[PDB]
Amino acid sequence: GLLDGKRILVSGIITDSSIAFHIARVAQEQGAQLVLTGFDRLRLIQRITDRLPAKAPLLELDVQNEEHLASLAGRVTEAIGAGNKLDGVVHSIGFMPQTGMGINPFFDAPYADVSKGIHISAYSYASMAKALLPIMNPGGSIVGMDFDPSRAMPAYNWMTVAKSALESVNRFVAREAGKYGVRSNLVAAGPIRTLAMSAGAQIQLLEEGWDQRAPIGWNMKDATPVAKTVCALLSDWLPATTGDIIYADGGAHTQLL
């Protein structure tokens, strides 16, 4: 039980292909007691979370909603029992409107759309940390999901910009979280077939290039390797790593080709 008796909040489950879902699954297999947050289709999310190996309370959280953030810590402590604190927080939340992504030209995305995407994808990592650090134990771990944005690439467009912002936000969260003995890190995943992927020739070349570049290969169908990596960061086995990015991408980013 890598996470034996750790209390861990996990956001961002929308389907059972969600990366968050597999993080939640692997964490429970490893003895973690979870609290879960879900955004919009709460009834649907409850049905999806029923398929996890264990029961976990489900709280409503719209990261754009200031009231939800203000009430979050109180709602969490109620669910885990007063006197108890969190050892773990997982941010697995991303969004960018269609105008900011894919076939749509980079220059045509209006700021309102980009701003919303940045709000949800980058700024929310800080506001979740603000809301939850007060109910976190020393030795604890905050973890967010990243996609390496250090080089530009077709299609990913303004979401790349959002991820660049996130990485920077992560380094500042690490400063604040350090005052509580809490670590903050990001996991940079290779591409994964999720619901979000749903929203062409260049993206396929990027994927296949992925497996080819990855010295141990990469399998877009399998979220388990990134779930494990996130669990490794939630654990006590990376105690001197903070403000940082761990690459769970088959090693692809270390190879030019």
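Position 1 is the first residue in the sequence shown; the rest follow in order.
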*Going by the record, give me the number of deposited-sequence residues missing between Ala199 and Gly200 as none, 1 to 3, 4 to 9, or 10 or more.*
10 or more
*asked:* Regarding 79-87 and 152-160, which shows the higher C-alpha temperature factor on average in the entry?
replied: 79-87
*According to the deposited model, is the average Cα temperature factor higher in 161-169 or in 110-118?*
110-118
*Among the candidates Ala214, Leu44, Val230, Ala189, give the one with the maximum CA B-factor reported in the record.*
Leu44
_Residue with highest C-alpha B-factor in the PDB entry, from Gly144, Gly74, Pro97, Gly140_ = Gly74
*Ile8 - which third its CA temperature factor falls in, relative to the rest of the chain*: middle
*Based on the entry's values, in what third of the chain does the Cα temperature factor of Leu257 lie: lowest, middle or highest?*
highest
_Position of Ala174 among the chain's modelled residues by C-alpha B-factor, lowest, middle or highest third_ = lowest
*According to the PDB entry, is the CA B factor of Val182 in the bottom, middle or top third of its chain, that is, lowest, middle or highest?*
middle
*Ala129 CA temperature factor, ranked by third within the chain*: middle
